[PDB]
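Data first, discussion second: the structure below is written as structure tokens.
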Amino acid sequence: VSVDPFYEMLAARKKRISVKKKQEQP
């Protein structure tokens, strides 16, 4: 059940992309 909400994360690389880290200033 905990892997379900993590599927879109591990599977879709959009996760690390939508990260607030990238939203910050370089």
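Following the order of the structure tokens, first chain is A, next is B, and so on, with residues numbered from 1 inside each chain and ligands from 1 in the order they appear.
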If you run DSSP on the backbone here, which positions in chain A get helix (DSSP H, G or I)? Please write them as number ranges by chain. A: 4-10, 14-18, 20-23
Could those selected residues go to a file with C-alpha atoms, as a PDB file, in the first residue's frame?
```
ATOM      1  CA  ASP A   4       1.433   2.580  -4.522  1.00  0.00           C
ATOM      2  CA  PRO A   5       1.995   6.276  -3.699  1.00  0.00           C
ATOM      3  CA  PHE A   6       5.665   5.737  -4.539  1.00  0.00           C
ATOM      4  CA  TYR A   7       5.026   4.178  -7.949  1.00  0.00           C
ATOM      5  CA  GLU A   8       4.637   7.509  -9.742  1.00  0.00           C
ATOM      6  CA  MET A   9       7.824   8.532  -7.934  1.00  0.00           C
ATOM      7  CA  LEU A  10      10.174   5.631  -8.663  1.00  0.00           C
ATOM      8  CA  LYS A  14       8.950  13.717 -12.967  1.00  0.00           C
ATOM      9  CA  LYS A  15       9.237  13.347  -9.191  1.00  0.00           C
ATOM     10  CA  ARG A  16      12.831  14.547  -8.872  1.00  0.00           C
ATOM     11  CA  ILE A  17      11.889  17.163 -11.468  1.00  0.00           C
ATOM     12  CA  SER A  18       8.917  18.555  -9.547  1.00  0.00           C
ATOM     13  CA  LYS A  20      11.182  22.049  -4.676  1.00  0.00           C
ATOM     14  CA  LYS A  21      14.976  21.859  -4.885  1.00  0.00           C
ATOM     15  CA  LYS A  22      14.899  22.626  -8.611  1.00  0.00           C
ATOM     16  CA  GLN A  23      12.401  25.407  -7.910  1.00  0.00           C
TER      17      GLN A  23
END
```
